[PDB]
>>> print(open('data-v7.cif').read())   # mmCIF, C-alpha atoms and all ligand atoms
data_structure
#
loop_
_atom_site.group_PDB
_atom_site.id
_atom_site.type_symbol
_atom_site.label_atom_id
_atom_site.label_comp_id
_atom_site.auth_asym_id
_atom_site.auth_seq_id
_atom_site.Cartn_x
_atom_site.Cartn_y
_atom_site.Cartn_z
ATOM 1 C CA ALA L 15 15.171 16.613 19.973
ATOM 2 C CA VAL L 16 12.110 14.476 19.215
ATOM 3 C CA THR L 17 10.825 11.456 21.143
ATOM 4 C CA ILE L 18 8.920 8.800 19.209
ATOM 5 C CA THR L 19 6.646 6.442 21.125
ATOM 6 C CA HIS L 20 5.963 3.002 19.665
ATOM 7 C CA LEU L 21 4.902 -0.514 20.693
ATOM 8 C CA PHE L 22 8.362 -1.362 22.051
ATOM 9 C CA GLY L 23 8.663 1.917 23.974
ATOM 10 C CA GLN L 24 10.340 5.240 23.240
ATOM 11 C CA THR L 25 13.042 6.254 20.780
ATOM 12 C CA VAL L 26 14.932 9.519 21.265
ATOM 13 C CA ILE L 27 16.232 11.159 18.091
ATOM 14 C CA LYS L 28 18.710 13.913 18.935
ATOM 15 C CA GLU L 29 18.806 15.623 15.540
ATOM 16 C CA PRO L 30 17.875 15.143 11.877
ATOM 17 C CA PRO L 31 19.349 11.810 10.679
ATOM 18 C CA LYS L 32 21.887 11.954 7.827
ATOM 19 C CA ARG L 33 21.963 8.158 7.399
ATOM 20 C CA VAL L 34 18.645 6.318 7.394
ATOM 21 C CA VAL L 35 17.853 2.647 6.895
ATOM 22 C CA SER L 36 14.396 1.766 5.639
ATOM 23 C CA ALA L 37 13.983 -1.780 6.915
ATOM 24 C CA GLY L 38 10.302 -2.218 6.044
ATOM 25 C CA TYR L 39 8.443 -2.741 2.780
ATOM 26 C CA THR L 40 6.847 0.669 2.093
ATOM 27 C CA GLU L 41 8.721 3.242 4.224
ATOM 28 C CA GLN L 42 11.012 4.606 1.493
ATOM 29 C CA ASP L 43 8.099 6.559 0.003
ATOM 30 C CA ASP L 44 7.282 8.686 3.052
ATOM 31 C CA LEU L 45 10.993 9.238 3.679
ATOM 32 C CA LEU L 46 11.652 10.354 0.108
ATOM 33 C CA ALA L 47 8.520 12.535 0.133
ATOM 34 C CA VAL L 48 10.169 14.695 2.810
ATOM 35 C CA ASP L 49 13.498 14.471 0.922
ATOM 36 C CA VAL L 50 15.207 11.901 3.124
ATOM 37 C CA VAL L 51 17.184 9.590 0.833
ATOM 38 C CA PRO L 52 17.736 6.291 2.658
ATOM 39 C CA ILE L 53 21.159 4.643 2.588
ATOM 40 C CA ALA L 54 19.265 1.349 2.478
ATOM 41 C CA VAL L 55 15.879 0.284 1.115
ATOM 42 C CA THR L 56 14.057 -3.006 1.648
ATOM 43 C CA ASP L 57 12.651 -4.755 -1.404
ATOM 44 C CA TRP L 58 9.050 -5.979 -1.338
ATOM 45 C CA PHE L 59 8.147 -6.936 -4.901
ATOM 46 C CA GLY L 60 8.130 -5.735 -8.507
ATOM 47 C CA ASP L 61 11.907 -5.940 -8.966
ATOM 48 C CA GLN L 62 12.224 -2.148 -9.253
ATOM 49 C CA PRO L 63 15.542 -0.273 -9.340
ATOM 50 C CA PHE L 64 16.832 0.006 -5.758
ATOM 51 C CA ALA L 65 13.332 -1.138 -4.714
ATOM 52 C CA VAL L 66 11.939 2.349 -5.444
ATOM 53 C CA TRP L 67 8.822 2.443 -7.616
ATOM 54 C CA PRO L 68 8.325 4.894 -10.535
ATOM 55 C CA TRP L 69 6.439 7.548 -8.555
ATOM 56 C CA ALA L 70 9.253 7.887 -5.997
ATOM 57 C CA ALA L 71 12.126 7.224 -8.426
ATOM 58 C CA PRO L 72 12.758 10.875 -9.424
ATOM 59 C CA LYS L 73 13.324 11.656 -5.735
ATOM 60 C CA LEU L 74 16.043 9.011 -5.627
ATOM 61 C CA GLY L 75 18.069 10.548 -8.439
ATOM 62 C CA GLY L 76 21.574 9.133 -8.681
ATOM 63 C CA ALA L 77 21.477 7.668 -5.170
ATOM 64 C CA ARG L 78 22.513 4.012 -4.995
ATOM 65 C CA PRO L 79 21.203 2.622 -1.689
ATOM 66 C CA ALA L 80 21.844 -0.905 -0.482
ATOM 67 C CA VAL L 81 18.839 -3.126 -1.162
ATOM 68 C CA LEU L 82 17.767 -5.316 1.750
ATOM 69 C CA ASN L 83 15.218 -8.144 1.798
ATOM 70 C CA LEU L 84 12.997 -9.819 4.397
ATOM 71 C CA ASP L 85 13.099 -13.251 2.696
ATOM 72 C CA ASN L 86 15.155 -14.791 5.520
ATOM 73 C CA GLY L 87 13.969 -12.099 7.924
ATOM 74 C CA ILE L 88 15.567 -8.785 8.864
ATOM 75 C CA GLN L 89 19.244 -8.715 7.921
ATOM 76 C CA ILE L 90 20.799 -7.059 10.953
ATOM 77 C CA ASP L 91 24.446 -7.634 10.064
ATOM 78 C CA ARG L 92 23.928 -5.713 6.828
ATOM 79 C CA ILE L 93 22.125 -2.918 8.674
ATOM 80 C CA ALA L 94 24.896 -2.855 11.286
ATOM 81 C CA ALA L 95 27.616 -2.598 8.632
ATOM 82 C CA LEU L 96 25.755 0.352 7.105
ATOM 83 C CA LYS L 97 26.111 2.177 10.431
ATOM 84 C CA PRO L 98 22.910 4.273 10.333
ATOM 85 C CA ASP L 99 22.007 6.992 12.837
ATOM 86 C CA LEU L 100 18.361 5.991 12.362
ATOM 87 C CA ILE L 101 16.494 2.774 11.541
ATOM 88 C CA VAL L 102 12.858 2.869 10.457
ATOM 89 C CA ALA L 103 11.079 -0.459 10.688
ATOM 90 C CA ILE L 104 7.333 0.141 10.880
ATOM 91 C CA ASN L 105 6.514 -2.329 8.122
ATOM 92 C CA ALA L 106 9.240 -4.941 8.743
ATOM 93 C CA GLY L 107 7.289 -7.254 11.063
ATOM 94 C CA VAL L 108 9.402 -6.367 14.090
ATOM 95 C CA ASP L 109 8.958 -8.176 17.404
ATOM 96 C CA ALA L 110 10.421 -7.571 20.867
ATOM 97 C CA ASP L 111 13.537 -9.614 20.106
ATOM 98 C CA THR L 112 14.504 -8.102 16.749
ATOM 99 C CA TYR L 113 13.730 -4.581 17.965
ATOM 100 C CA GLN L 114 16.348 -4.566 20.722
ATOM 101 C CA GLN L 115 18.798 -6.009 18.206
ATOM 102 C CA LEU L 116 18.074 -3.055 15.911
ATOM 103 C CA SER L 117 18.208 -0.628 18.848
ATOM 104 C CA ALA L 118 21.795 -1.727 19.485
ATOM 105 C CA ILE L 119 22.880 -0.466 16.061
ATOM 106 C CA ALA L 120 20.999 2.831 16.203
ATOM 107 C CA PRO L 121 17.744 4.482 17.308
ATOM 108 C CA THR L 122 14.871 2.419 15.904
ATOM 109 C CA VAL L 123 11.306 3.480 15.121
ATOM 110 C CA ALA L 124 8.966 0.488 15.308
ATOM 111 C CA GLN L 125 5.256 0.072 14.597
ATOM 112 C CA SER L 126 2.978 1.739 17.159
ATOM 113 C CA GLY L 127 0.197 -0.850 17.205
ATOM 114 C CA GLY L 128 -0.806 -4.497 17.053
ATOM 115 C CA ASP L 129 0.017 -4.501 13.339
ATOM 116 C CA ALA L 130 3.639 -5.531 12.809
ATOM 117 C CA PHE L 131 2.980 -5.266 9.076
ATOM 118 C CA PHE L 132 0.989 -2.593 7.244
ATOM 119 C CA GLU L 133 -0.449 -0.385 9.966
ATOM 120 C CA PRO L 134 -2.772 2.367 8.645
ATOM 121 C CA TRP L 135 -0.777 4.478 6.192
ATOM 122 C CA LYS L 136 -1.460 7.825 7.884
ATOM 123 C CA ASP L 137 -0.086 6.471 11.174
ATOM 124 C CA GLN L 138 3.048 5.282 9.359
ATOM 125 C CA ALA L 139 3.386 8.605 7.528
ATOM 126 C CA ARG L 140 2.935 10.781 10.624
ATOM 127 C CA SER L 141 5.406 8.680 12.610
ATOM 128 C CA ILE L 142 8.052 8.948 9.884
ATOM 129 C CA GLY L 143 7.381 12.677 9.562
ATOM 130 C CA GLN L 144 8.110 13.307 13.234
ATOM 131 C CA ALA L 145 11.166 11.045 13.272
ATOM 132 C CA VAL L 146 12.888 12.917 10.435
ATOM 133 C CA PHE L 147 11.690 16.341 11.687
ATOM 134 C CA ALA L 148 9.420 16.652 8.635
ATOM 135 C CA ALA L 149 6.217 16.750 10.727
ATOM 136 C CA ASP L 150 4.717 19.987 9.354
ATOM 137 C CA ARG L 151 5.605 19.090 5.764
ATOM 138 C CA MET L 152 4.227 15.552 6.132
ATOM 139 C CA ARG L 153 0.890 16.875 7.390
ATOM 140 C CA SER L 154 0.552 18.981 4.241
ATOM 141 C CA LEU L 155 1.352 15.958 2.068
ATOM 142 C CA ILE L 156 -1.284 13.808 3.774
ATOM 143 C CA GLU L 157 -3.870 16.585 3.432
ATOM 144 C CA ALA L 158 -3.017 16.743 -0.281
ATOM 145 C CA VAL L 159 -3.887 13.063 -0.769
ATOM 146 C CA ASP L 160 -7.340 13.520 0.754
ATOM 147 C CA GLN L 161 -7.813 16.593 -1.445
ATOM 148 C CA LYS L 162 -7.038 14.587 -4.592
ATOM 149 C CA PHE L 163 -9.606 11.879 -3.939
ATOM 150 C CA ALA L 164 -12.220 14.372 -2.750
ATOM 151 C CA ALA L 165 -11.768 16.296 -5.999
ATOM 152 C CA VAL L 166 -12.582 13.070 -7.876
ATOM 153 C CA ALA L 167 -15.912 12.774 -6.046
ATOM 154 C CA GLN L 168 -16.799 16.378 -6.833
ATOM 155 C CA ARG L 169 -16.002 15.780 -10.510
ATOM 156 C CA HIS L 170 -18.052 12.558 -10.505
ATOM 157 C CA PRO L 171 -21.247 13.075 -8.473
ATOM 158 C CA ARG L 172 -22.950 10.240 -10.388
ATOM 159 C CA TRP L 173 -20.591 7.677 -8.833
ATOM 160 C CA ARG L 174 -22.033 8.205 -5.368
ATOM 161 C CA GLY L 175 -23.600 5.015 -4.043
ATOM 162 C CA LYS L 176 -22.163 2.873 -6.834
ATOM 163 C CA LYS L 177 -20.780 -0.406 -5.517
ATOM 164 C CA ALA L 178 -17.163 -1.400 -6.072
ATOM 165 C CA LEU L 179 -14.914 -4.286 -5.104
ATOM 166 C CA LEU L 180 -11.139 -4.224 -4.709
ATOM 167 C CA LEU L 181 -9.612 -7.615 -5.440
ATOM 168 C CA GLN L 182 -6.146 -9.174 -5.500
ATOM 169 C CA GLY L 183 -4.800 -9.857 -8.995
ATOM 170 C CA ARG L 184 -4.403 -13.579 -8.371
ATOM 171 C CA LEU L 185 -6.678 -16.310 -7.078
ATOM 172 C CA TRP L 186 -5.542 -18.221 -3.999
ATOM 173 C CA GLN L 187 -6.152 -21.935 -4.535
ATOM 174 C CA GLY L 188 -9.110 -21.075 -6.758
ATOM 175 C CA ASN L 189 -10.502 -18.417 -4.416
ATOM 176 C CA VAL L 190 -10.981 -14.709 -5.061
ATOM 177 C CA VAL L 191 -9.470 -12.520 -2.342
ATOM 178 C CA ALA L 192 -11.201 -9.202 -1.713
ATOM 179 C CA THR L 193 -10.013 -6.264 0.359
ATOM 180 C CA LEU L 194 -12.540 -5.724 3.152
ATOM 181 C CA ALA L 195 -13.976 -2.309 3.927
ATOM 182 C CA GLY L 196 -11.318 -0.595 6.022
ATOM 183 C CA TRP L 197 -8.580 2.020 5.781
ATOM 184 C CA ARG L 198 -7.225 0.291 2.660
ATOM 185 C CA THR L 199 -10.496 0.976 0.821
ATOM 186 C CA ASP L 200 -11.036 4.489 2.202
ATOM 187 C CA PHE L 201 -9.639 5.990 -1.003
ATOM 188 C CA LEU L 202 -12.576 4.461 -2.887
ATOM 189 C CA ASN L 203 -15.055 5.860 -0.353
ATOM 190 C CA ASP L 204 -13.468 9.281 -0.832
ATOM 191 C CA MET L 205 -14.443 9.043 -4.505
ATOM 192 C CA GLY L 206 -18.024 8.443 -3.362
ATOM 193 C CA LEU L 207 -18.019 4.703 -4.047
ATOM 194 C CA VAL L 208 -19.308 2.031 -1.667
ATOM 195 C CA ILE L 209 -17.708 -1.352 -1.000
ATOM 196 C CA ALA L 210 -20.201 -4.110 -1.844
ATOM 197 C CA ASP L 211 -21.227 -5.992 1.304
ATOM 198 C CA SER L 212 -21.416 -9.320 -0.544
ATOM 199 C CA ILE L 213 -17.872 -10.051 0.700
ATOM 200 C CA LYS L 214 -18.599 -9.438 4.400
ATOM 201 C CA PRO L 215 -19.719 -12.953 5.423
ATOM 202 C CA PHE L 216 -16.409 -14.291 4.074
ATOM 203 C CA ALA L 217 -14.227 -11.848 6.036
ATOM 204 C CA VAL L 218 -10.844 -13.070 7.263
ATOM 205 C CA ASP L 219 -8.902 -10.379 9.125
ATOM 206 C CA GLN L 220 -8.615 -7.552 6.584
ATOM 207 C CA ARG L 221 -9.529 -9.731 3.583
ATOM 208 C CA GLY L 222 -12.564 -11.591 2.316
ATOM 209 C CA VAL L 223 -11.779 -15.042 0.926
ATOM 210 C CA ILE L 224 -14.479 -16.180 -1.476
ATOM 211 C CA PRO L 225 -15.312 -19.864 -2.009
ATOM 212 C CA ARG L 226 -15.470 -20.834 -5.696
ATOM 213 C CA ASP L 227 -19.225 -21.393 -5.814
ATOM 214 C CA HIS L 228 -19.706 -17.996 -4.135
ATOM 215 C CA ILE L 229 -17.503 -16.100 -6.619
ATOM 216 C CA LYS L 230 -20.097 -15.260 -9.286
ATOM 217 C CA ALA L 231 -22.718 -14.231 -6.726
ATOM 218 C CA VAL L 232 -20.301 -12.039 -4.776
ATOM 219 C CA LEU L 233 -18.985 -10.298 -7.890
ATOM 220 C CA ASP L 234 -22.442 -9.715 -9.384
ATOM 221 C CA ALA L 235 -23.289 -7.511 -6.390
ATOM 222 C CA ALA L 236 -20.791 -4.880 -7.593
ATOM 223 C CA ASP L 237 -21.080 -2.196 -10.286
ATOM 224 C CA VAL L 238 -17.312 -2.054 -10.898
ATOM 225 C CA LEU L 239 -14.555 -4.564 -10.129
ATOM 226 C CA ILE L 240 -10.979 -3.430 -9.563
ATOM 227 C CA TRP L 241 -8.522 -6.311 -9.810
ATOM 228 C CA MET L 242 -4.994 -5.489 -8.792
ATOM 229 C CA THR L 243 -3.108 -7.243 -11.537
ATOM 230 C CA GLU L 244 0.653 -7.038 -11.864
ATOM 231 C CA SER L 245 0.924 -8.279 -15.475
ATOM 232 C CA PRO L 246 -1.038 -9.294 -18.606
ATOM 233 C CA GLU L 247 -0.792 -12.952 -17.553
ATOM 234 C CA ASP L 248 -2.643 -12.168 -14.309
ATOM 235 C CA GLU L 249 -5.575 -10.703 -16.242
ATOM 236 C CA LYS L 250 -5.732 -13.599 -18.702
ATOM 237 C CA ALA L 251 -5.754 -16.145 -15.878
ATOM 238 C CA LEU L 252 -8.617 -14.316 -14.150
ATOM 239 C CA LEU L 253 -10.708 -14.102 -17.329
ATOM 240 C CA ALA L 254 -10.021 -17.799 -17.941
ATOM 241 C CA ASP L 255 -11.693 -18.685 -14.638
ATOM 242 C CA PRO L 256 -15.249 -19.882 -15.372
ATOM 243 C CA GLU L 257 -16.751 -18.156 -12.315
ATOM 244 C CA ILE L 258 -15.204 -14.813 -13.244
ATOM 245 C CA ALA L 259 -15.838 -15.401 -16.953
ATOM 246 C CA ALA L 260 -19.557 -15.998 -16.377
ATOM 247 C CA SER L 261 -19.912 -13.045 -14.000
ATOM 248 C CA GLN L 262 -22.063 -10.111 -15.139
ATOM 249 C CA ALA L 263 -18.946 -7.936 -15.013
ATOM 250 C CA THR L 264 -17.435 -9.830 -17.942
ATOM 251 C CA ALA L 265 -20.507 -9.537 -20.165
ATOM 252 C CA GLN L 266 -21.114 -5.931 -19.116
ATOM 253 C CA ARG L 267 -17.378 -5.156 -19.111
ATOM 254 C CA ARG L 268 -17.294 -3.914 -15.506
ATOM 255 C CA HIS L 269 -13.718 -5.158 -14.960
ATOM 256 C CA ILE L 270 -10.752 -2.910 -14.279
ATOM 257 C CA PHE L 271 -7.451 -4.781 -14.516
ATOM 258 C CA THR L 272 -4.711 -2.564 -13.138
ATOM 259 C CA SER L 273 -1.254 -2.070 -14.567
ATOM 260 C CA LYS L 274 1.708 -3.176 -12.458
ATOM 261 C CA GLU L 275 2.306 0.472 -11.526
ATOM 262 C CA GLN L 276 -1.320 0.990 -10.502
ATOM 263 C CA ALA L 277 -1.370 -2.184 -8.410
ATOM 264 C CA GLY L 278 1.921 -1.168 -6.809
ATOM 265 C CA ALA L 279 0.646 2.345 -6.117
ATOM 266 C CA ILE L 280 -2.380 0.924 -4.291
ATOM 267 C CA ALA L 281 -0.200 -1.611 -2.488
ATOM 268 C CA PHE L 282 2.147 1.082 -1.182
ATOM 269 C CA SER L 283 -0.613 3.500 -0.143
ATOM 270 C CA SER L 284 1.843 6.334 0.501
ATOM 271 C CA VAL L 285 1.886 10.113 0.209
ATOM 272 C CA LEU L 286 3.722 9.601 -3.092
ATOM 273 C CA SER L 287 1.859 6.538 -4.426
ATOM 274 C CA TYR L 288 -1.765 7.524 -3.728
ATOM 275 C CA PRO L 289 -1.637 10.583 -6.026
ATOM 276 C CA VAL L 290 -0.852 8.084 -8.810
ATOM 277 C CA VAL L 291 -4.017 6.177 -7.929
ATOM 278 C CA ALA L 292 -6.078 9.382 -7.969
ATOM 279 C CA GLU L 293 -4.760 10.285 -11.429
ATOM 280 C CA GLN L 294 -4.838 6.952 -13.280
ATOM 281 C CA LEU L 295 -7.746 4.998 -11.767
ATOM 282 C CA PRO L 296 -10.754 7.366 -12.092
ATOM 283 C CA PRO L 297 -10.542 7.707 -15.892
ATOM 284 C CA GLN L 298 -10.941 3.911 -16.086
ATOM 285 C CA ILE L 299 -13.849 3.891 -13.641
ATOM 286 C CA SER L 300 -15.369 6.694 -15.715
ATOM 287 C CA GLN L 301 -15.535 4.640 -18.926
ATOM 288 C CA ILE L 302 -17.428 1.908 -17.054
ATOM 289 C CA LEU L 303 -19.888 3.816 -14.851
ATOM 290 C CA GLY L 304 -20.175 6.613 -17.410
HETATM 291 CL CL CL D 401 -6.966 10.402 10.348
HETATM 292 CL CL CL D 402 8.523 20.741 8.454
HETATM 293 CL CL CL D 403 -11.090 20.538 -12.481
#
>>> encode(input="data-v7.cif", output="structure tokens")
Amino acid sequence: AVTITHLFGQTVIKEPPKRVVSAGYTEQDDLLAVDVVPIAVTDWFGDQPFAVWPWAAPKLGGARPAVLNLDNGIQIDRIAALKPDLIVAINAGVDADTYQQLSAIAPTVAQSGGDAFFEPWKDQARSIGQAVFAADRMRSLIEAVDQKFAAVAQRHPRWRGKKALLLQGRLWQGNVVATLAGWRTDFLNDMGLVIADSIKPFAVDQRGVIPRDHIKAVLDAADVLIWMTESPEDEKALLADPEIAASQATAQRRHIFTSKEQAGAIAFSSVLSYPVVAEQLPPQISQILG
């Protein structure tokens, strides 16, 4: 028997769960990675089959899990009717009230820390690994992710010190939104890249929010710009913006506009999704810096 400790206290899991609800946005990836097929998955975005993205889809096979959604909040009645022996909500934005409500249905694994959404991915992965008795296997999977990105650095020693920015694929009310240096950007550091500090003065929580008249100046501080774009229309809209259009990156073609899959892979930041980032992204960075 394993005992998981989290923000709301301890959860005792007597044996390996045969019925598992994934009540958060990204958890289905770590569960599938250790070959736990959830009976329910919670949709986030992308409108994927059964809310499982292409990298994890082969693991799903012919399984047809219920698809939940957080639009109105956690649907507990649906989770109750599914009658799970385990509920994983790390990423579901659980609070003290909703947790006890989930605990009534079955043992519930909540987030460990002050982040109700999107705690550091390794913490989420390790927690899931222990809960499903996959702990040794999960450790190997995490180590494999670090290996992949490190191998990119070794293959591209010239990239070291080059400045990059990781940006959302859409403007918010005319403003560029950058991912601040943190665990989310660690995969870029592993490749040897540095996050341009031009975004630091504009920091809000884990994101920089760039005023319009600061956009060109902030972008021009970077050698390569990675926009996480979910469709061709996202890219067109960004290139139509005069600040972005007049940036050095446009003239010098320093822009990387991700595919929906690539954006989703970054967004999920899982043991399954990150390997996709390590494969598909560096060839695009190579054409620019190279
Ligand atoms: Cl660590
Ligand atoms: Cl194991
Ligand atoms: Cl090689």
>>> closest_residue(input="data-v7.cif", among="L:284, L:96, L:15, L:240", to="residue 55 of chain L", atoms="all atoms listed in the file")
L:96
>>> closest_residue(input="data-v7.cif", among="L:161, L:298, L:220, L:154", to="ligand CL 402 (chain D)", atoms="only C-alpha atoms and all ligand atoms")
L:154
>>> closest_residue(input="data-v7.cif", among="L:297, L:278, L:23, L:289", to="residue 160 of chain L", atoms="all atoms listed in the file")
L:289
>>> residues_around(input="data-v7.cif", residues="segment 107-122 of chain L", least_positions_apart="3", cutoff="9 Å", atoms="all atoms listed in the file", output="list in words")
residues 21, 22, 25, 26, 27, 38, 87, 88, 90, 93, 94, 97, 98, 99, 100, 101, 102, 103, 104, 125, 129, 130, 131 and 132 of chain L
>>> residues_near_ligand(input="data-v7.cif", ligand="ligand CL 401 (chain D)", cutoff="12 Å", atoms="all atoms listed in the file", output="list in words")
residues 134, 135, 136, 137, 138, 139, 140, 153, 156, 157, 159, 160, 197 and 200 of chain L
>>> atom_distance(input="data-v7.cif", atom1="atom CA of residue 212 of chain L", atom2="atom CA of residue 235 of chain L")
6.4 Å
>>> atom_distance(input="data-v7.cif", atom1="atom CA of residue 44 of chain L", atom2="atom CA of residue 143 of chain L")
7.6 Å
>>> closest_residue(input="data-v7.cif", among="L:35, L:155, L:233, L:224", to="ligand CL 402 (chain D)", atoms="only C-alpha atoms and all ligand atoms")
L:155
>>> residues_around(input="data-v7.cif", residues="residue 144 of chain L", least_positions_apart="5", cutoff="9 Å", atoms="only C-alpha atoms", output="list in words")
residues 16, 17, 18, 139, 149, 150 and 152 of chain L
>>> resolve_selection(input="data-v7.cif", expression="the PyMOL selection byres (((chain L and resi 61) around 12) and not hetatm)", output="NGL selection string")
:L and (56-60 or 62-68 or 81 or 83 or 244 or 274-275 or 278)
>>> resolve_selection(input="data-v7.cif", expression="the PyMOL selection byres (((chain L and resi 50) around 9) and not hetatm)", output="list in words")
residues 31, 32, 33, 34, 42, 44, 45, 46, 47, 48, 49, 51, 52 and 146 of chain L
>>> closest_residue(input="data-v7.cif", among="L:202, L:262, L:186, L:168", to="ligand CL 403 (chain D)", atoms="all atoms listed in the file")
L:168
>>> atom_distance(input="data-v7.cif", atom1="atom CA of residue 288 of chain L", atom2="atom CA of residue 213 of chain L")
24.2 Å
>>> decode(input="data-v7.cif", residues="segment 170-184 of chain L", atoms="N, CA, C and O atoms", output="PDB file, in the first residue's frame")
ATOM      1  N   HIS L 170      24.288  20.399 -30.953  1.00  0.00           N
ATOM      2  CA  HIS L 170      24.292  21.801 -31.365  1.00  0.00           C
ATOM      3  C   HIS L 170      25.041  22.680 -30.366  1.00  0.00           C
ATOM      4  O   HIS L 170      24.429  23.472 -29.648  1.00  0.00           O
ATOM      5  N   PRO L 171      26.373  22.547 -30.321  1.00  0.00           N
ATOM      6  CA  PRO L 171      27.174  23.355 -29.394  1.00  0.00           C
ATOM      7  C   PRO L 171      27.175  24.844 -29.743  1.00  0.00           C
ATOM      8  O   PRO L 171      27.432  25.669 -28.869  1.00  0.00           O
ATOM      9  N   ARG L 172      26.891  25.177 -30.999  1.00  0.00           N
ATOM     10  CA  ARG L 172      26.861  26.573 -31.432  1.00  0.00           C
ATOM     11  C   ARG L 172      25.672  27.352 -30.868  1.00  0.00           C
ATOM     12  O   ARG L 172      25.689  28.582 -30.843  1.00  0.00           O
ATOM     13  N   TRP L 173      24.639  26.642 -30.421  1.00  0.00           N
ATOM     14  CA  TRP L 173      23.444  27.296 -29.896  1.00  0.00           C
ATOM     15  C   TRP L 173      23.681  27.903 -28.525  1.00  0.00           C
ATOM     16  O   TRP L 173      22.921  28.766 -28.088  1.00  0.00           O
ATOM     17  N   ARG L 174      24.714  27.437 -27.831  1.00  0.00           N
ATOM     18  CA  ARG L 174      24.925  27.856 -26.453  1.00  0.00           C
ATOM     19  C   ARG L 174      25.076  29.369 -26.352  1.00  0.00           C
ATOM     20  O   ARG L 174      25.887  29.974 -27.054  1.00  0.00           O
ATOM     21  N   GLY L 175      24.272  29.968 -25.480  1.00  0.00           N
ATOM     22  CA  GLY L 175      24.298  31.401 -25.260  1.00  0.00           C
ATOM     23  C   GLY L 175      23.329  32.165 -26.140  1.00  0.00           C
ATOM     24  O   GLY L 175      23.038  33.331 -25.872  1.00  0.00           O
ATOM     25  N   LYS L 176      22.829  31.523 -27.193  1.00  0.00           N
ATOM     26  CA  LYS L 176      21.865  32.169 -28.077  1.00  0.00           C
ATOM     27  C   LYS L 176      20.567  32.429 -27.328  1.00  0.00           C
ATOM     28  O   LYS L 176      20.107  31.592 -26.552  1.00  0.00           O
ATOM     29  N   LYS L 177      19.984  33.598 -27.566  1.00  0.00           N
ATOM     30  CA  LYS L 177      18.810  34.037 -26.824  1.00  0.00           C
ATOM     31  C   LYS L 177      17.516  33.670 -27.540  1.00  0.00           C
ATOM     32  O   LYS L 177      17.360  33.901 -28.743  1.00  0.00           O
ATOM     33  N   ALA L 178      16.592  33.090 -26.785  1.00  0.00           N
ATOM     34  CA  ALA L 178      15.307  32.672 -27.321  1.00  0.00           C
ATOM     35  C   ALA L 178      14.174  33.254 -26.492  1.00  0.00           C
ATOM     36  O   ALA L 178      14.365  33.611 -25.333  1.00  0.00           O
ATOM     37  N   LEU L 179      13.001  33.357 -27.106  1.00  0.00           N
ATOM     38  CA  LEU L 179      11.786  33.699 -26.385  1.00  0.00           C
ATOM     39  C   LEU L 179      10.689  32.708 -26.742  1.00  0.00           C
ATOM     40  O   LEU L 179      10.547  32.308 -27.898  1.00  0.00           O
ATOM     41  N   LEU L 180       9.926  32.313 -25.729  1.00  0.00           N
ATOM     42  CA  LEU L 180       8.784  31.427 -25.899  1.00  0.00           C
ATOM     43  C   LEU L 180       7.508  32.214 -25.650  1.00  0.00           C
ATOM     44  O   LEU L 180       7.281  32.713 -24.543  1.00  0.00           O
ATOM     45  N   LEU L 181       6.685  32.321 -26.688  1.00  0.00           N
ATOM     46  CA  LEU L 181       5.542  33.224 -26.692  1.00  0.00           C
ATOM     47  C   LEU L 181       4.236  32.492 -26.987  1.00  0.00           C
ATOM     48  O   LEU L 181       4.222  31.513 -27.731  1.00  0.00           O
ATOM     49  N   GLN L 182       3.140  32.969 -26.403  1.00  0.00           N
ATOM     50  CA  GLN L 182       1.827  32.422 -26.715  1.00  0.00           C
ATOM     51  C   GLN L 182       1.465  32.761 -28.161  1.00  0.00           C
ATOM     52  O   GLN L 182       1.916  33.775 -28.696  1.00  0.00           O
ATOM     53  N   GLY L 183       0.663  31.904 -28.787  1.00  0.00           N
ATOM     54  CA  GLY L 183       0.332  32.043 -30.196  1.00  0.00           C
ATOM     55  C   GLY L 183      -0.653  33.141 -30.523  1.00  0.00           C
ATOM     56  O   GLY L 183      -0.888  33.432 -31.697  1.00  0.00           O
ATOM     57  N   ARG L 184      -1.250  33.731 -29.493  1.00  0.00           N
ATOM     58  CA  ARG L 184      -2.194  34.826 -29.672  1.00  0.00           C
ATOM     59  C   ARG L 184      -1.810  36.018 -28.814  1.00  0.00           C
ATOM     60  O   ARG L 184      -1.242  35.860 -27.733  1.00  0.00           O
TER      61      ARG L 184
END
